[PDB]
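A short write-up of the structure that comes next.
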Amino acid sequence: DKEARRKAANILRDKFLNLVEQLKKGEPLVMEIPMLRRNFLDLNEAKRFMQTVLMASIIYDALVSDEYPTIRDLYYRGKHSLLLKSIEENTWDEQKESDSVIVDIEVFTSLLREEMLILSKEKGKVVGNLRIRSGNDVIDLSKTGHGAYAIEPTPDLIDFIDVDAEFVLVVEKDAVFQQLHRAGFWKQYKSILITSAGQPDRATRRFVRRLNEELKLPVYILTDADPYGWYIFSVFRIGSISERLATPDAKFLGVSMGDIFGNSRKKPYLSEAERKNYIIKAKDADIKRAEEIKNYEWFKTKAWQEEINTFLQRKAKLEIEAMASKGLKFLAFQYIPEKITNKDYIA
Amino acid sequence: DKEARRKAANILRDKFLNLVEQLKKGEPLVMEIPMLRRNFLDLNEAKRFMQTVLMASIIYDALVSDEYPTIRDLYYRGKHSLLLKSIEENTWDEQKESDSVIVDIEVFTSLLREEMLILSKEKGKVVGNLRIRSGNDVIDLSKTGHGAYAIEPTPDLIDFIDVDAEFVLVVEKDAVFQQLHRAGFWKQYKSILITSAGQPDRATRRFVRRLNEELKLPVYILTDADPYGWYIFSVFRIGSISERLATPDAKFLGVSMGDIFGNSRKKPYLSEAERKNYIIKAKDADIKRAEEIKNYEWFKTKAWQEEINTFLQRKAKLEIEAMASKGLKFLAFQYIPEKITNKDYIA
Amino acid sequence: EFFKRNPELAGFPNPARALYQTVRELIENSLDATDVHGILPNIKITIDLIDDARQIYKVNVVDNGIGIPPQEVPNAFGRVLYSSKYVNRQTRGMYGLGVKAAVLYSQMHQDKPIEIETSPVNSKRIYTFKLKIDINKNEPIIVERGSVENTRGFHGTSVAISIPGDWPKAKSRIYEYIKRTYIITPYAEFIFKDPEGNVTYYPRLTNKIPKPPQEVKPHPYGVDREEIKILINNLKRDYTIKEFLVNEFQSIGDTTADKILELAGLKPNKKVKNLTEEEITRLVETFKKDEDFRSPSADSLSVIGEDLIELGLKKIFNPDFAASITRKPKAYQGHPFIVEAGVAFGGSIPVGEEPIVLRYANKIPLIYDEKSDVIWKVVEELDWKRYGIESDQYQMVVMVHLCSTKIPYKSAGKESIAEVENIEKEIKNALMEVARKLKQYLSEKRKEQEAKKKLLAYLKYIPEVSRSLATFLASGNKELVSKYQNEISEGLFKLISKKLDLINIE
Amino acid sequence: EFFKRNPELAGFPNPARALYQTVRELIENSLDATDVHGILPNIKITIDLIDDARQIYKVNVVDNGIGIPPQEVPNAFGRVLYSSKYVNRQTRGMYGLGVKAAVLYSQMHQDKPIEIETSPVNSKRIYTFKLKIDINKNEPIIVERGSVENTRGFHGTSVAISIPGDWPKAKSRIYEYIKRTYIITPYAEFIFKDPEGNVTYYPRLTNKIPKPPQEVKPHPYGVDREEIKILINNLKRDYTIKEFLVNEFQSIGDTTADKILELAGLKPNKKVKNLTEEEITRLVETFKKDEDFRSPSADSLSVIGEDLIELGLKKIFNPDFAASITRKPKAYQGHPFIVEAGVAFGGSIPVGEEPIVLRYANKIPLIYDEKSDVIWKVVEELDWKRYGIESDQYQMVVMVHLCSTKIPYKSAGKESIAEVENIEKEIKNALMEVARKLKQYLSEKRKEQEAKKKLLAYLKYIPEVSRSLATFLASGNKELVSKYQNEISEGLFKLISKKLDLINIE
Ligand SMILES: C[C@@H]1C[C@H]2O[C@@H]2/C=C\C=C\C(=O)Cc2c(Cl)c(O)cc(O)c2C(=O)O1
Ligand SMILES: C[C@@H]1C[C@H]2O[C@@H]2/C=C\C=C\C(=O)Cc2c(Cl)c(O)cc(O)c2C(=O)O1
């Protein structure tokens, strides 16, 4: 009784079968990889081929055969035949290898794993004034007890209906999420509140840039002082460790250096006292990472720079908990609202 | 408009305030820690005291003040006063320290963090023919799209209503869960299917042993060949790294050694061929762990032993994916059903 | 006679060791010429080097003591004394040849005289001598004798003797003499000038000079054939045996005596000069056996003092604690004896793995043979843990004095004491009677450090549990500061359960 | 005359080196007595030790060659040859004293005769001799002369000479002679029996004996005063100068000659016997200058062969490849010359850091002085990388032959070739014309290994993409096995785009 689902399971095959098919037995063909052709008639390249045109069919077959393949489930088709040649080697040897072959196909076609149905392994809750149909149900995201809905690793077959908010807020620590949630932030200041859980997964992403893109909702996110926190953010405006389906122009909301120290222009949020003991001093293995990023072509651009070296300079960071340990009331009806309306953040 | 919630926020205080109160200024008192009294009038013990009777009040205050504290939020009350003594030290120095002081209180009272409201950091999905009220909503766990409900780190204020199944199945790999789920296992063989996500959290637990205890539902769980997989299990019948609110008599369902090799009594589940290449050979840093557990007082008991050394003996393990890569149909309407009705598992 | 070919026996084995000897012979004497007659002594000791080729030195002692009656000058230095005429009052000084040997060794290897000067108490002039000796027929030859005028209120005795020795070989050992004599004799003022030109001055730190020793009548249980004879042929009148057994010995009253005559079986009213060789012995037997006498009175003895000790070893070690003890007198073979003992601890004393042991016999230090001493035994034998000492290395010093008219020496004049049991036991206990004191002070050190250890920590911990426990009372933010204090001080006092103190640290 | 006091110059410096000489003198000759007259030679070489005290040996060569016309026996061994009468056909053998020197050295240090035997082709009996010599007046004395019966079809020449030497010092160097002569002359059969009792037999490996060398008329540009004289006084009739300038030299036709008479300025029809000392020279000048003659014909030369070489160094090194080359003949100072060259590689040849160089002048090996050779230069000078060689260590061997009637030797008879430029260049190229045969074979080795490298890998990869690409066609599980093969072989053939082969490997 499957629907918008048996949509893709079709646009998949036909708009694929055709592209990988080349046969054309007039003259010797090759694939084109735009990011570099791969001639089957090479040496260094010979093996790289049989690997693509395999891990591919494995997909296309498991595709019409109504299966739901996980990436590893697919790695485990290394060695597919009995031995024809008695060399008196393996198809692929290490998952890493198999994966790359994916990503290559993934380009040749234009279709991202999740669209070919290879369903992977996703986490990341969400909650808010939002109503979707997923598969055969419509589940309302307000009415959720203290729990929370957790997206489906295929978040592209998921229809929006009624919405009610002005901004999406992406928080990184599951523990704090449970806090913002059991006060009621997302209802008081109409919003949708979603957490990743640390490193953002491959499709807690897609959800986000879909909110931001199809519903015109602005996205603020928040984590720790450290270079760690700057990273989370990085991923959210591109996709883990250098397609174009992750959201740029997301917004960084604190915790800011000046958040803890101030400017001659603007008051600090931390008491001089609390600060001496909440601040965890900077190990030098940290100051490395900073100086590596301070260089990334999408930090270099802004006066995002400003808030980097200020750190390179005060050698100091704090955990988000610390701040919230001031007590939800503050974190709820002061920090966010103040900062947000205040235009205190980076863009 | 809070209810079964303003329940606890009361049974908390009164059945607490009283216990920690001792004042009784007749003669010099102490606390009793059954797992060993702690005399405030000692030396080695002096500091251990002010630590308990602090991290305690911090709880009791934040308790009537309608806050929702996370463990760390609480650690960040190290140093609470200005210096009275010019030693020309800190309250607590490392989260590890603070934590223990919790667990201690936790006993003195009889109440588990989650019951005092300290809400922690709770991740583990669930799905099935089950209906609960949580807080102010009733959310049905069948009607869930491809998503799935994610329990609340306070899973003790959560009422059951209509149930419909005969066993709960606890799977360890989120990726495989998404598979069992989008075929419909839990509906075909009426069940509730929940995954942890690796190491089981402190309250994806409580949920389970509450299903098993209050609804009389039998619990089968499955993971990888390795000593890793045996561990997951371990936790599930006690609680990470040596109260009595984790479930014993849970059930281990494969993947079994004989699962991959057979017995002269009973046929094996993989082809001889697939084996040569799916089995990942045993590193010696592994055979250690095994010989460590083969000793744990709750493995030693059973002929759980049998299936330990068989491994100590064939130096071999496989990943759950491997098996599933045989293709859901098999994993769905053969593996589980066969094993389960078959009494193929350990108890 | 004997010292002529067997030198090493009386303490002159070789050039070097002889220097040390002569020095401790002159001091020994010079004191007993002052502090025993009740004057604060001012001794000066200078050694000079007057010839490099042959290694000849000039030992020189100058006191403010009484001095020799002029005519007895020769019969003190030149005459060679056979024996050590049985002793009747405590003195300094081993053998019975003493200062005489020094002059004898001086005429054997070098050709210079012995310059001497004396001037008795309340004397007219200063009588000067310069003596050499005739060794073959025992009689001193006067080279020079004269007298000048006395610049008032002067009395003293200057002795100057030249001998061959080895300064560098015995240096570090002589310095130990002066030093260690100074300790147990702080009522004195010493100056020492070595052949190099190094001066040392140790100043009088008080003037409580102890009671001196008193001469006393011989005691029965400790005399025999030889003596009795010389007590008799040394008389002046016709004593009877009676008188003689009573007015000549310690411990012999009318009825107490008569019974001795019943034993030896002798008539009571018989002339004394009329005693055969055998009759005597038949007496000296019953002497040896008779059961109940009294104790050999110790008024012939002399003590350092349960304080001069303290001062002595305080003003030179500067410890963190000191203590001493003087026992009641016991008795050995017709003679009395007492043991004194002390210990000093901590402070400036050098940290080492074992204690330092200073030995004292009759108000003189013993330096050589500390290893074969009845004392070196006890104080190494003693279990120092049953008395406080926790550590491996520690700074302890131990002083043990032994005095009597009859000091048992272990071997042929080798500077250490013999293992006489009855003595060894009074030496032990004496140490125990201090050792359980040192333990005391070092038991109140852990105590005094234990308070400031707690009472310090608590001042930090009673405000916290105070506030905390108060929040539990009133939930409303008003009592916070009221409930606070009314149990802060409430708490505080519940602490003077164990120890009482009011302390403000700011 | 000269060899009497200056021995070392013709190659007899000392006992040992002389042994080696005598040996290579007898072989040298014995060959030129067979292979030049067209018989497969069977030489036997035995050295014996007949006296230990004085170190005397007995070199012995026995062939199946022609032999000496009996009467010319003495005038071959005893007579001392002044000069080396200008050469007109290639021969083996340096100087102009050769085998004569051997017998001369033999009569200087030992007292035994020279046993000789000969028997001409188609001979009646065997004529035996046993000769000694008179050194002072140059004439041989016959000690013994006789003859016996010939056991049919026999012809040969047995020479037996005794000399003093040092076997052990020159052993390892003689063995190199035989060996290395064997290589370039495999149409022969050699046996060698050393003084110890070691036998060695190298067997004939074929019988393609090369063309022998032909005698030929002297060439103008390379003759002078001395010769012209002896061409004249060696005549029989009255030649005129004309005839004489034509029928007596290479290169001199009617019109070609007349112009020489225009130069030297001589009447053409003049008696020859009537030529003054100066007239001659005025001729030998114009000889030296005249521009265009022809080439000194090389029908007087003789070659190994672009094959006997191959075989020779194949049947003894057993390599993985061989090649040789014989050049066209060039010309030098009135004489002709050719350079042959060869190389062998791999297989059995010993792995070492540098190549082995065998030198050959006029069909004889050169052993001594390989370091000062015009050849040892080129082949060390040559850049072996511009020809394949990748490795540091490798197994290569190189053979360079040089032959002419006028071999330029560098120093006073020291067994190595002179750096005549025009020669050195034809020696080079010759090596290049082989060396670039080496690069070829080692270019078809990477080729042959490149096929089995691909064509092997593909057989593994064309079934997989085959199946895979077939699943894409029909989705239904029926064509799986039909589409499969109809493009497996379809694929397979698209591969014979590059290389053609049908291969079954099981
Ligand atoms: C009469 C005095 C005091 C006597 O009571 C002292 C005991 C023994 C002395 C014995 C002597 O031989 C005299 C003597 C010597 Cl040897 C000496 O080196 C230094 C001295 O000062 C005296 C001395 O002055 O003796
Ligand atoms: C007449 C023949 C053939 C001559 O053409 C050969 C050229 C030179 C020979 C010179 C000789 O001295 C004769 C000779 C020697 Cl020495 C010898 O060791 C071995 C031989 O077989 C011959 C020989 O038989 O000579």
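Each chain in the structure tokens gets a letter, A, B and so on, in the order shown; residues start at 1 in every chain, and ligands are counted from 1 in the order they appear.
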
- Using DSSP on the backbone coordinates, identify all residues within region 130-226 of chain D classified as helix (DSSP H, G or I); present the result as JSON, numbers by chain. {"D": [167, 168, 169, 170, 171, 172, 173, 174, 175, 176, 177, 178, 179, 180, 181, 182, 183, 184, 220, 221, 222, 225, 226]}

Kindly export the residues of the current selection with C-alpha atoms, as a short mmCIF file (atom, residue, chain, number, x, y, z; two decimals), in the first residue's frame.
data_model
loop_
_atom_site.label_atom_id
_atom_site.label_comp_id
_atom_site.auth_asym_id
_atom_site.auth_seq_id
_atom_site.Cartn_x
_atom_site.Cartn_y
_atom_site.Cartn_z
CA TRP D 167 105.01 -23.94 -12.55
CA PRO D 168 102.95 -22.68 -9.57
CA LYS D 169 103.63 -18.99 -10.32
CA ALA D 170 102.44 -19.22 -13.91
CA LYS D 171 99.92 -22.06 -13.64
CA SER D 172 96.67 -20.09 -13.41
CA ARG D 173 97.84 -17.93 -16.31
CA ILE D 174 98.75 -20.72 -18.76
CA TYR D 175 95.40 -22.47 -18.27
CA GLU D 176 93.92 -19.23 -19.57
CA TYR D 177 95.80 -19.67 -22.81
CA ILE D 178 94.40 -23.08 -23.78
CA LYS D 179 90.91 -22.13 -22.55
CA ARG D 180 90.83 -18.85 -24.44
CA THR D 181 92.34 -20.26 -27.61
CA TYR D 182 89.69 -22.98 -27.48
CA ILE D 183 86.88 -20.43 -27.67
CA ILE D 184 87.75 -18.72 -30.96
CA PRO D 220 103.48 0.97 -52.39
CA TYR D 221 102.45 3.32 -49.60
CA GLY D 222 104.01 0.96 -46.97
CA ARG D 225 114.62 2.10 -48.90
CA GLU D 226 115.52 -1.19 -47.19
#

- Please identify which residues in region 57-148 of chain B DSSP calls strand (DSSP E or B) from the backbone, and express them as JSON, numbers by chain. {"B": [126, 127, 128, 130, 131, 132, 133, 134, 137, 138, 139, 140]}

Would you save the residues of that selection, restricted to N, CA and C atoms, as a CSV table (one decimal), in the first residue's frame?
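Written out: selection-v3.csv:
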chain,number,residue,atom,x,y,z
B,126,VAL,N,12.4,3.0,19.7
B,126,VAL,CA,11.4,1.9,19.9
B,126,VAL,C,10.2,2.1,19.0
B,127,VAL,N,9.5,1.0,18.8
B,127,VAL,CA,8.5,0.9,17.8
B,127,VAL,C,7.7,-0.4,18.0
B,128,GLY,N,6.4,-0.4,17.8
B,128,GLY,CA,5.6,-1.6,17.9
B,128,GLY,C,4.1,-1.4,18.2
B,130,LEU,N,2.2,-0.8,20.5
B,130,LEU,CA,2.1,-0.4,21.9
B,130,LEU,C,1.6,1.1,22.1
B,131,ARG,N,0.8,1.3,23.1
B,131,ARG,CA,0.2,2.6,23.4
B,131,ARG,C,0.4,3.1,24.8
B,132,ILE,N,1.1,4.3,24.9
B,132,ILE,CA,1.4,4.8,26.2
B,132,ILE,C,0.9,6.2,26.3
B,133,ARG,N,0.7,6.7,27.5
B,133,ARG,CA,0.6,8.1,27.7
B,133,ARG,C,1.9,8.6,28.3
B,134,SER,N,2.5,9.6,27.7
B,134,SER,CA,3.7,10.3,28.2
B,134,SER,C,3.4,11.7,28.4
B,137,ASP,N,0.3,13.7,26.4
B,137,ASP,CA,-0.1,13.1,25.2
B,137,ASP,C,-0.2,11.5,25.3
B,138,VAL,N,-1.0,10.9,24.4
B,138,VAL,CA,-0.9,9.5,24.1
B,138,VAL,C,-0.4,9.4,22.7
B,139,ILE,N,0.8,8.8,22.6
B,139,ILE,CA,1.3,8.6,21.2
B,139,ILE,C,1.4,7.2,20.9
B,140,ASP,N,0.8,6.7,19.8
B,140,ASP,CA,0.7,5.3,19.4
B,140,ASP,C,2.0,4.9,18.7

Per-residue nearest contacts chain C to ligand 1, cut-off 8 Å, using only C-alpha atoms and all ligand atoms, as JSON lines:
{"residue": "C:25", "atom": "CA", "partner": "ligand 1", "partner_atom_place_in_ligand_line": "18 (O)", "distance": 6.9}
{"residue": "C:26", "atom": "CA", "partner": "ligand 1", "partner_atom_place_in_ligand_line": "18 (O)", "distance": 4.4}
{"residue": "C:27", "atom": "CA", "partner": "ligand 1", "partner_atom_place_in_ligand_line": "18 (O)", "distance": 7.1}
{"residue": "C:28", "atom": "CA", "partner": "ligand 1", "partner_atom_place_in_ligand_line": "18 (O)", "distance": 7.9}
{"residue": "C:29", "atom": "CA", "partner": "ligand 1", "partner_atom_place_in_ligand_line": "17 (C)", "distance": 5.1}
{"residue": "C:30", "atom": "CA", "partner": "ligand 1", "partner_atom_place_in_ligand_line": "21 (O)", "distance": 4.0}
{"residue": "C:31", "atom": "CA", "partner": "ligand 1", "partner_atom_place_in_ligand_line": "21 (O)", "distance": 7.3}
{"residue": "C:32", "atom": "CA", "partner": "ligand 1", "partner_atom_place_in_ligand_line": "6 (C)", "distance": 4.5}
{"residue": "C:33", "atom": "CA", "partner": "ligand 1", "partner_atom_place_in_ligand_line": "3 (C)", "distance": 3.6}
{"residue": "C:34", "atom": "CA", "partner": "ligand 1", "partner_atom_place_in_ligand_line": "3 (C)", "distance": 7.1}
{"residue": "C:36", "atom": "CA", "partner": "ligand 1", "partner_atom_place_in_ligand_line": "5 (O)", "distance": 7.4}
{"residue": "C:61", "atom": "CA", "partner": "ligand 1", "partner_atom_place_in_ligand_line": "19 (C)", "distance": 7.3}
{"residue": "C:62", "atom": "CA", "partner": "ligand 1", "partner_atom_place_in_ligand_line": "21 (O)", "distance": 7.5}
{"residue": "C:63", "atom": "CA", "partner": "ligand 1", "partner_atom_place_in_ligand_line": "21 (O)", "distance": 6.5}
{"residue": "C:65", "atom": "CA", "partner": "ligand 1", "partner_atom_place_in_ligand_line": "24 (O)", "distance": 6.4}
{"residue": "C:66", "atom": "CA", "partner": "ligand 1", "partner_atom_place_in_ligand_line": "24 (O)", "distance": 5.9}
{"residue": "C:67", "atom": "CA", "partner": "ligand 1", "partner_atom_place_in_ligand_line": "24 (O)", "distance": 3.7}
{"residue": "C:68", "atom": "CA", "partner": "ligand 1", "partner_atom_place_in_ligand_line": "1 (C)", "distance": 4.5}
{"residue": "C:69", "atom": "CA", "partner": "ligand 1", "partner_atom_place_in_ligand_line": "1 (C)", "distance": 7.3}
{"residue": "C:76", "atom": "CA", "partner": "ligand 1", "partner_atom_place_in_ligand_line": "12 (O)", "distance": 5.5}
{"residue": "C:77", "atom": "CA", "partner": "ligand 1", "partner_atom_place_in_ligand_line": "12 (O)", "distance": 6.8}
{"residue": "C:91", "atom": "CA", "partner": "ligand 1", "partner_atom_place_in_ligand_line": "7 (C)", "distance": 7.7}
{"residue": "C:98", "atom": "CA", "partner": "ligand 1", "partner_atom_place_in_ligand_line": "12 (O)", "distance": 7.9}
{"residue": "C:99", "atom": "CA", "partner": "ligand 1", "partner_atom_place_in_ligand_line": "16 (Cl)", "distance": 5.1}
{"residue": "C:100", "atom": "CA", "partner": "ligand 1", "partner_atom_place_in_ligand_line": "16 (Cl)", "distance": 7.4}
{"residue": "C:118", "atom": "CA", "partner": "ligand 1", "partner_atom_place_in_ligand_line": "24 (O)", "distance": 7.5}
{"residue": "C:156", "atom": "CA", "partner": "ligand 1", "partner_atom_place_in_ligand_line": "21 (O)", "distance": 7.0}
{"residue": "C:157", "atom": "CA", "partner": "ligand 1", "partner_atom_place_in_ligand_line": "21 (O)", "distance": 4.7}
{"residue": "C:158", "atom": "CA", "partner": "ligand 1", "partner_atom_place_in_ligand_line": "21 (O)", "distance": 6.9}
{"residue": "C:159", "atom": "CA", "partner": "ligand 1", "partner_atom_place_in_ligand_line": "18 (O)", "distance": 5.9}

Filtering to C-alpha atoms, could you give me those residues as an mmCIF file, in the first residue's frame?
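Everything below was put into selection17.cif:
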data_model
loop_
_atom_site.group_PDB
_atom_site.id
_atom_site.type_symbol
_atom_site.label_atom_id
_atom_site.label_comp_id
_atom_site.auth_asym_id
_atom_site.auth_seq_id
_atom_site.Cartn_x
_atom_site.Cartn_y
_atom_site.Cartn_z
ATOM 1 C CA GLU C 25 97.649 13.900 80.823
ATOM 2 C CA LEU C 26 98.241 17.606 81.422
ATOM 3 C CA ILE C 27 94.623 18.667 81.172
ATOM 4 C CA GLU C 28 93.499 15.719 83.297
ATOM 5 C CA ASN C 29 95.789 16.933 86.052
ATOM 6 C CA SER C 30 95.280 20.679 85.724
ATOM 7 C CA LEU C 31 91.560 20.384 86.307
ATOM 8 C CA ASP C 32 91.964 18.213 89.427
ATOM 9 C CA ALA C 33 94.081 21.120 90.653
ATOM 10 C CA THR C 34 91.192 23.557 90.394
ATOM 11 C CA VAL C 36 88.299 19.865 93.112
ATOM 12 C CA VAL C 61 99.382 23.887 80.010
ATOM 13 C CA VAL C 62 98.677 26.955 82.143
ATOM 14 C CA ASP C 63 96.039 27.052 84.903
ATOM 15 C CA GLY C 65 94.903 26.291 90.199
ATOM 16 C CA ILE C 66 96.673 25.873 93.526
ATOM 17 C CA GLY C 67 100.085 24.460 92.591
ATOM 18 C CA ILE C 68 102.863 22.439 94.213
ATOM 19 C CA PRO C 69 104.435 23.116 97.560
ATOM 20 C CA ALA C 76 106.622 14.772 91.534
ATOM 21 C CA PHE C 77 108.326 14.838 88.160
ATOM 22 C CA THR C 91 90.192 11.334 90.772
ATOM 23 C CA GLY C 98 100.632 9.368 84.772
ATOM 24 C CA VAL C 99 102.418 12.698 84.341
ATOM 25 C CA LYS C 100 105.744 11.039 85.194
ATOM 26 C CA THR C 118 104.409 27.176 90.470
ATOM 27 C CA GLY C 156 99.073 28.615 89.147
ATOM 28 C CA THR C 157 101.114 25.785 87.674
ATOM 29 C CA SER C 158 102.820 26.064 84.266
ATOM 30 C CA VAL C 159 104.182 22.864 82.767
#

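Of the listed residues (D:364, D:87, D:23, D:455), D:23 comes nearest to ligand 2; the distances count only C-alpha atoms and all ligand atoms.
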
- Message: If we count only C-alpha atoms and set the cut-off at 9 Å, which residues sit around residue 494 (chain C), ignoring sequence neighbours fewer than 4 positions away in its own chain? Please answer as a list in words.
- Response: residues 25, 27 and 28 of chain B; 489, 490 and 498 of chain C

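One distance worth recording is that between CA of residue 5 (chain A) and CA of residue 191 (chain B), which is 24.5 Å.
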
- Which one is closest to ligand 2: D:483, D:17, D:155, D:132? Count only C-alpha atoms and all ligand atoms. D:155

12 Å contact set for residue 7 (chain A), only C-alpha atoms, chain neighbours under 3 positions out, as a short mmCIF file (atom, residue, chain, number, x, y, z; two decimals) with N, CA, C and O atoms, in the first residue's frame:
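Output file out39.cif is given in full below:
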data_model
loop_
_atom_site.label_atom_id
_atom_site.label_comp_id
_atom_site.auth_asym_id
_atom_site.auth_seq_id
_atom_site.Cartn_x
_atom_site.Cartn_y
_atom_site.Cartn_z
N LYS A 2 2.20 0.98 0.04
CA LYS A 2 3.31 1.93 -0.24
C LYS A 2 3.02 3.02 -1.34
O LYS A 2 2.44 2.71 -2.40
N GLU A 3 3.40 4.28 -1.11
CA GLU A 3 3.14 5.29 -2.16
C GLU A 3 4.33 6.13 -2.69
O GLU A 3 5.09 5.65 -3.57
N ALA A 4 4.43 7.39 -2.21
CA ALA A 4 5.54 8.30 -2.58
C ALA A 4 6.88 7.52 -2.49
O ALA A 4 7.93 8.02 -2.90
N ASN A 10 11.09 3.56 -8.60
CA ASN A 10 10.94 3.52 -10.05
C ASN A 10 11.88 4.52 -10.71
O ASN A 10 12.69 4.14 -11.56
N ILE A 11 11.79 5.78 -10.31
CA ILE A 11 12.66 6.81 -10.88
C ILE A 11 14.10 6.42 -10.63
O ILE A 11 15.04 6.98 -11.20
N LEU A 12 14.27 5.43 -9.76
CA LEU A 12 15.59 4.90 -9.50
C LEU A 12 16.06 4.07 -10.68
O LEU A 12 16.91 4.50 -11.45
N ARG A 13 15.52 2.86 -10.79
CA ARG A 13 15.82 2.01 -11.90
C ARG A 13 15.93 2.83 -13.18
O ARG A 13 17.01 3.32 -13.50
N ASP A 14 14.82 3.02 -13.88
CA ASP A 14 14.83 3.54 -15.25
C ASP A 14 15.85 4.65 -15.52
O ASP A 14 16.52 4.63 -16.55
N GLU A 115 18.71 8.05 -2.17
CA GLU A 115 17.71 8.23 -3.22
C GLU A 115 17.62 6.95 -4.02
O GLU A 115 16.61 6.68 -4.67
N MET A 116 18.73 6.21 -3.99
CA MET A 116 18.85 4.88 -4.57
C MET A 116 18.32 3.86 -3.55
O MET A 116 18.16 2.67 -3.84
N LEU A 117 18.08 4.36 -2.34
CA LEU A 117 17.45 3.58 -1.28
C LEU A 117 18.42 2.91 -0.31
O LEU A 117 18.01 2.45 0.75
N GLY A 135 5.54 8.03 5.05
CA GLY A 135 5.04 6.74 4.63
C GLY A 135 3.53 6.76 4.61
O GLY A 135 2.92 7.34 3.70
N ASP A 156 13.78 12.06 2.37
CA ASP A 156 13.50 12.80 1.15
C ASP A 156 12.09 12.49 0.69
O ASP A 156 11.48 13.23 -0.09
N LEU A 157 11.57 11.37 1.18
CA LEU A 157 10.18 10.98 0.97
C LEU A 157 9.34 11.34 2.23
O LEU A 157 8.84 10.47 2.97
#

- Query: Using only C-alpha atoms and all ligand atoms, which of the listed residues (D:407, D:102, D:95, D:9) sits closest to ligand 2?
  - Reply: D:102

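Take the candidates D:131, D:338, D:470, D:241 and check each one against chain A using only C-alpha atoms; the shortest distance goes to D:470.
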
- Query: If we count only C-alpha atoms, what is near residue 225 (chain B) at a cut-off of 12 Å, once residues fewer than 2 positions away on the same chain are taken out, given as a PyMOL selection string?
  - Reply: chain B and resi 222-223+227-233+252-261+278-282+286+290+307-308+310-312+314-323
